[PDB]
Amino acid sequence: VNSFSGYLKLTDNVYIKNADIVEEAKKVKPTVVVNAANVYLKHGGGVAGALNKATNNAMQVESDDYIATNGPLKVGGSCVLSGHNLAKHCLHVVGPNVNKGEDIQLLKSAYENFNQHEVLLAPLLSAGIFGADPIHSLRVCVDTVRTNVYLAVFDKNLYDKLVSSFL
Ligand SMILES: CCc1cccc(CSc2ncnc3[nH]cnc23)c1
């Protein structure tokens, strides 16, 4: 039993809700919140900009030190950093950005990072400003993640479309 509330169950391990991931993280304080990161951990917009703003820029400060030490992530890769006031940990995961021409096949590799964590609150990878089809992202999630994932979808219209079209 966990504290996630109001989710629709899609499969044995995948759950979905129309919610602002920032507000959901502040309420649940999950062990892991997933960020829709880029390789430079520059949290300017989309989910990343919203999560970072909610930390009063502490996420960005921590991320800049991470990059200065380690260099950029790989597309499809991830790193674990602090969750600040939102969660114990933040798993920064880089899905391919279609608006940069990145290989959509890397979306499966990106979701594989979730399997290193028993329970996660997450957005749909590569959705939103990353330019991929969210219906496809949900399919890859369900077919790749085996751990317990609670997906927050900000847009109500998109949420309804994802549920109604789910096979
Ligand atoms: C600092 C708090 C805050 C600031 C700006 C916007 C938001 C909304 S969260 C959100 N944004 C984008 N895509 C998503 N997919 C699931 N959730 C989301 C919150």
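Residues numbered from 1 in each chain as written, not as in the entry; some residues may be left out. Heavy atoms only, no water.

For the chain, the PDB entry supplies the name Non-structural protein 3 and the organism Severe acute respiratory syndrome coronavirus 2.

(A) Looking closely at the nonpolar core. In this structure, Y111, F114 and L151 are the most contacted members of the largest nonpolar core, which totals 26 residues. Where this core is concerned, the elements lending two or more residues are β2 (14–18), β3 (32–36), β5 (89–93), α4 (106–112), β6 (119–122), α5 (134–144), β7 (148–153) and α6 (156–164). Per element, the largest residue contribution to this core is four residues, and it comes from α5. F4, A19, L86 and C90 belong to the second-largest nonpolar core, a separate cluster that totals 17 residues. (Core = buried A, V, L, I, M, F, W, Y, C linked by side-chain atoms within 4.5 Å. Buried < 20%, exposed > 50% of the residue type's maximum accessible area, 1.4 Å probe, protein only. Helix = DSSP H or I, 4+ residues; strand = E, 2+ residues; numbered from the N terminus.)

(B) Here's a closer look at the side chain of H43. In this structure, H43 sits in the loop between β3 and α2 (46–54). Within the local environment of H43, its side chain forms a polar contact with the side chain of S63, the two groups lying 2.9 Å apart. Residues contacting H43, with those up to four places away along its chain left out, are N35, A48, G49, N52, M59, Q60, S63 and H92. (Polar contact = N/O pair within 3.5 Å; in protein donor to acceptor, adjacent residues only side chain to side chain. Contact = heavy atoms within 4.5 Å.)

(C) Seen up close, the environment of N35. Position of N35 among the secondary structure elements: in strand β3. If we skip the residues at most four places from it in the chain, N35 touches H43, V47, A48, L51, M59, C90, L91, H92 and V93. At 3.0 Å, the side chain of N35 forms a polar contact with the side chain of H92.

(D) Spotlight on the pairing of strand β4 (residues 78–82). For β4 and β5, the ladder comprises five bridges, and the chain directions are antiparallel. Residue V80 lies in a different strand from β5, and its bridge partner there is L91. Hairpin geometry of β4 and β5 is characterised by an intervening segment of six residues between the two adjacent antiparallel strands and by a positive phi of about 55° at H84. (Pairing = 2+ DSSP bridges.)

(E) Inspection of the site of the ligand at higher detail. Surrounding the ligand, one finds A19, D20, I21, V22, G46, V47, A50, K53, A54, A152 and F154. Measuring from a nitrogen atom of the ligand, one finds a backbone N or O atom of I21 at 3.3 Å. Alone, the ligand offers 470 Å² of accessible surface; in the complex the protein occludes 71% of this. Elements with a contribution of two residues or more to the shell around the ligand: α1 (21–28) and α2. No other element matches the five residues that α2 contributes to the shell around the ligand. A class-by-class count of the residues in the shell around the ligand yields eight nonpolar, one polar and two charged. (Near = heavy atom within 4 Å. Areas by Shrake-Rupley, 256 points an atom, 1.4 Å probe, with all protein chains shown as cover. Nonpolar A, V, L, I, M, F, W, Y, C, P; charged D, E, K, R; others polar.)

(F) The arrangement of α5 in detail. The complete set of buried residues in α5 reads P134, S137, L138, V140, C141, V142 and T144. Where α5 is buried, its residues touch β2, α4, β7 and α6. For α5, the N-terminal capping position is held by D133, with its side-chain oxygen 3.0 Å away from the main-chain nitrogen of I135.

(G) View of the packing of aromatic side chains. Inspection of the entire model under this criterion finds five aromatic pairs. Residues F4 and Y7 carry aromatic rings whose centres are separated by 5.6 Å and whose planes lie at 90° to one another, so their mutual orientation is edge-to-face. A relative accessible area of 15% means that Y7 is categorised as buried. By the ring-pair criterion, three or more aromatic residues cluster together here, those being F4, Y7, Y15 and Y150. (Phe/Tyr/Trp six-rings, centres within 6.5 Å; stacked < 30°, edge-to-face > 60°.)

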